[PDB]
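Chain by chain, the residues:
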Amino acid sequence: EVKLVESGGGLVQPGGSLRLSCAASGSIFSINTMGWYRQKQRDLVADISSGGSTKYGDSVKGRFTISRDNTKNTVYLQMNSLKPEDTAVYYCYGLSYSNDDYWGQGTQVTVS
Amino acid sequence: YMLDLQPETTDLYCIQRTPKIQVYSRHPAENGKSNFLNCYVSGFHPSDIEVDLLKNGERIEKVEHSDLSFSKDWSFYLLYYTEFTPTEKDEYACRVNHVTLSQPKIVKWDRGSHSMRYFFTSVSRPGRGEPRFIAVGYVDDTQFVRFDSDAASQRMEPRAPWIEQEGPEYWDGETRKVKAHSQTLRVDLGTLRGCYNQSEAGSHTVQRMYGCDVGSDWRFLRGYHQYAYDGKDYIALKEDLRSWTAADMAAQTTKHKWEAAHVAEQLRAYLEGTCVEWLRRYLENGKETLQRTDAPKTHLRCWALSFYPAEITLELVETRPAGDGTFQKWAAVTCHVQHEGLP
């Protein structure tokens, strides 16, 4: 039903930056919280509600900033001061207003 | 009243489980009536877990949780809860993340014997500081004391009304003893890492449990003193409280040093004497709470609500806490019911 289009990954040097983006398909009344986990288990990076309530994983607080354009149901992840330990597949996700979770394919992020 | 032994007495010398999740309200759901939304996670190992309560697809801000405890098989359990007023449109869920899960799992909200037990958990955090240490004390199915190394007070804290009576000499002594328990487990973590040739960067868990049982005459029945490393049995006292049970060769070396030092005799004195003496004091001081029986309100799925104690007999779902001292249960396929509070 819902499709999450991801973009913005790739290779980057230590101390460099990257901006991930995730656009949700379907109606704007279909997705509330949007954000990212990163890869057995996956860990919370950052997410944001429709109203703008943000939450950050401990290992990225201060360096990463999530933002939202509600007019297009799309979120952005500004990843600053990247380290080799940030190398992972970053999975976009969204929650419906009925608490259904949707997951993107993910975008590889690699830091030299 | 915790054990009170010297530092060198209980020092050591020498399997992941995924959580079960239940989302429910404390009381039956009624629009406009203040309630409590519960997310009960249990049966998991290790203890690190991330639990969120969701309202209409976003995180609920002010969520409290119970203190970390564990069952006889060493698996942990926790209650996450928050006050909420349900309405017609609002939808609620619980999201749980754990090392055993490839992605966070979401569960939607579908709208006269006695004992004293102490549970201790210490988890190493390499680099991130000293180990996370959590201690809780129980009388029957009622928590009454707690200690968290990350909390601000650095004191043993009350969690039941009848224990708040106790004066400063009591709290000073329990605070002193629980800090010694923590110091023991920190050393034991460093000792066990070397005895197993494990890397200094890995996180490991040490668990200690002990307590005593009394009958309806408040006389001693049985005592326990058990110990686990990474959720597996390490060393434990046998039912007779004079000899040890060791799991592998590392625990057998600890067993010999403890047999030569006569550690079991000191624990036996506490479990048979001090443990029952203060359990009797607690049962008296908290008689209105601890000696009550609450009959299960009953209403193919058989329901049982708001009962105490937790022991009951009825797909069988785990008995769960309501968050107010009572318990709940239901079973799926006539339905048989058995509880102490019902004639």
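- Within the PDB entry, the label attached to chain B reads Protein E7 peptide,Beta-2-microglobulin,MHC class I antigen chimera, and the organism entered is Human papillomavirus type 16.
- Of the comments in the UniProt record for chain B, the one headed Sequence similarities (unreviewed entry) reads "Belongs to the MHC class I family."

- Per the PDB entry, chain A goes by VHH and derives from Lama glama.

**Remarks on the overall build of chain B**
For step 1, the next point in the chain: Across its full length, chain B holds four helices and 21 strands.
For step 2, the next point in the chain: Whereas a compact globule of 343 residues would reach a radius of gyration of roughly 20 Å, chain B reaches 21 Å, a difference of no more than 12%.
For step 3, the next point in the chain: Principal-axis analysis of the C-alpha atoms gives chain B an extent of 65 × 50 × 45 Å.

**What to know about the environment of A:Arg38**
Residue and element names in this part refer to chain A.
For step 1, the next point in the chain: Counting through the fold element by element, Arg38 comes out in strand β4 (residues 34-38).
For step 2, the next point in the chain: Taking the C-alpha atoms as reference, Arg38 lies 19 Å from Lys3; in sequence the two are 35 residues apart.
For step 3, the next point in the chain: Of note is the side chain of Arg38, whose polar atom sits 2.9 Å from the side chain of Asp86.

**Here's the deal with the domain arrangement of chain B**
It is common to give the size of an interface as the accessible area lost on bringing the parts into contact.
Residue and element names in this part refer to chain B.
For step 1, the next point in the chain: Partitioning chain B into domains gives domain 1 (15-111) and domain 2 (112-292).
For step 2, the next point in the chain: Placing a centre on the C-alpha atoms of domain 1 and another on those of domain 2 gives a separation of 27 Å.
For step 3, the next point in the chain: Domain 1 puts eleven residues into the contact, and the matching count from domain 2 is 20 residues.
For step 4, the next point in the chain: Counting only elements with at least two residues in the side of domain 1 that touches domain 2, the list comes to β6 (69-70) and β7 (76-84).
For step 5, the next point in the chain: Taken together, the residues of the side of domain 1 that touches domain 2 sort by class into six nonpolar, three polar and two charged.

**Observations regarding the sheet that holds strand β3 (residues 18-24) of chain A**
All names here are of chain A.
For step 1, the next point in the chain: Spatially, the four strands line up as an open sheet ordered β1-β3-β8-β7, and their pairing is antiparallel. Each edge of the sheet is formed by a strand with only one pairing partner; in this case those strands are β1 (4-7) and β7 (64-69). Each strand axis lies, on average, 15° off the axis of its neighbour in the sheet, ignoring direction.
For step 2, the next point in the chain: Of the pairings in the sheet, the one linking β7 to strand β8 (residues 74-79) comprises six bridges and is antiparallel in character. When the bridges of β8 are listed, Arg68 appears paired with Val75.

**Considerations on the packing of aromatic side chains**
For step 1, the next point in the chain: Each ring, one from B:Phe70 and one from B:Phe76, has its centre 5.9 Å from the other, and the planes form 80°; the classification is edge-to-face.
For step 2, the next point in the chain: On the numbers, 4.9 Å between centres and 75° between planes, the contact of B:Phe84 with B:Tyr92 is edge-to-face.
For step 3, the next point in the chain: Positioned above the aromatic ring of A:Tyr91, the side-chain terminus of A:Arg42 is 3.9 Å from the ring centre.
For step 4, the next point in the chain: Over the ring of A:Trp103 we find A:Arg42, and its NZ or CZ is 4.7 Å from the ring centre.

About the cut-offs
Residues numbered from 1 in each chain as written, not as in the entry; some residues may be left out. Chains lettered and ligands numbered in written order. Heavy atoms only, no water. Residues with missing side-chain atoms left out of burial classes, pairs and counts. UniProt positions renumbered as here; feature names shortened; annotations may be inferred. Helix = DSSP H or I, 4+ residues; strand = E, 2+ residues; numbered from the N terminus. Rg over C-alpha atoms; globule rule 2.2 N^0.38 Å. Polar contact = N/O pair within 3.5 Å; in protein donor to acceptor, adjacent residues only side chain to side chain. Domains from an automatic or database assignment. Contact = heavy atoms within 4.5 Å. Nonpolar A, V, L, I, M, F, W, Y, C, P; charged D, E, K, R; others polar. Pairing = 2+ DSSP bridges. Axes fitted to C-alpha atoms, helices over the stretch in contact; angles between N-to-C directions. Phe/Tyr/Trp six-rings, centres within 6.5 Å; stacked < 30°, edge-to-face > 60°. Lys NZ or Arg CZ within 6 Å of the ring centre and 35° of its normal.

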